[PDB]
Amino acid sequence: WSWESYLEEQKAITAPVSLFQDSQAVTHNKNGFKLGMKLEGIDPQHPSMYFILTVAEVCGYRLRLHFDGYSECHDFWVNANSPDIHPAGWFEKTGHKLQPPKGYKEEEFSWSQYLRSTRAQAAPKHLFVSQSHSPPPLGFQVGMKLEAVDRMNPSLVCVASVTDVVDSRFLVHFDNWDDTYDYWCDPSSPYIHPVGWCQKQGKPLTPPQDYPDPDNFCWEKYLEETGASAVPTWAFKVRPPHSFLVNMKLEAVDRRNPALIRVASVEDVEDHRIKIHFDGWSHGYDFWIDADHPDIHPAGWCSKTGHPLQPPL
């Protein structure tokens, strides 16, 4: 099996490398993660929360992480250049809370004692793209307010806050809800808008859960009562639409079995999202994904990184 001859049979082209973000394309970095190495990282299901994690499996430029003390059914895969993982010690140095391994009490966890108990090695710091040593996005401070699309319920644009800031990214949080709706992003995110965008556009703003007398909701009043400032309007940047075209081929992670990466095709497009089709599979498995998602890659990524690629069917 090769891409070169698949494109011959199908009379097709692959999405050029240039269409991708540098982080989605890069094949030449080595994966320094080793089995059993310990580190810290966000829970993909609770993206405001930080856990002790262990390297369970490595495959090419990808790794499977295990939540120490919890079930293996919660393991999840990341790339070796993921910004959602950090070296042992990071939470303490950067003002982040640890959710400790199952059974550990509130302030009981200490890396030095845990490495002694387990006889394990912390993943070296030089592996991590994200250690909070780079300059933040200008104008996005913790506690600042904005309007944000609920990505899980995207008809809704909602009262939101910045609750976390790490390197180039910040955490968007929906006021009065839990963190299940939270998402990390940058100043060019198409899902965020300045305070007052809805009113300007003539669009319904969703106020905080259980806000008293909702929709007499007023930004002016809310900002005053919460001692909070709006993210400055100048801070938001416009992201260009992507340039993926229908029938362009590429490689994508299977969301129902994330160990695997499959031959894939652009089925449909929006300005900032693409519809993925897995070649040879029912179109009932087609799914929408953001153009900047870490789990889509140019043709050749798997071959060049050491990851097996699943052929059609």
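What we label the rigid core is the largest C-alpha set whose atoms superpose within 1.5 Å from one form to the other. Throughout, we count residues from 1 along the sequence that is shown.
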note = The stretch that moves more in 8 other deposited structures of this protein, judged by RMS C-alpha distance from this form after core superposition, 172-180 or 73-81, is 172-180
Between the two ranges 269-277 and 53-61, the one averaging a larger CA B factor in the entry = 269-277
Per the entry, higher mean C-alpha B factor between 166-174 and 199-207 = 199-207
key: Out of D182, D75, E108, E147, residue topping the C-alpha B-factor column of the entry   = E108
ask   = Going by the entry, which of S134, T94, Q141, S82 has the most elevated CA B factor?
value = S134
ask   = According to the PDB entry, is the CA B factor of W90 in the bottom, middle or top third of its chain, that is, lowest, middle or highest?
value = lowest
Lowest, middle or highest third - CA B-factor, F128 = lowest
task = Divide the modelled residues of the chain into thirds by Cα B-factor and specify which third, lowest, middle or highest, holds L156.
result = middle
request  = Pull the Cα B-factor of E251 out of the PDB entry and bin it into the chain's lowest, middle or highest third.
outcome  = middle
key: Relative C-alpha B-factor of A264, binned into the chain's lowest, middle or highest third   = middle
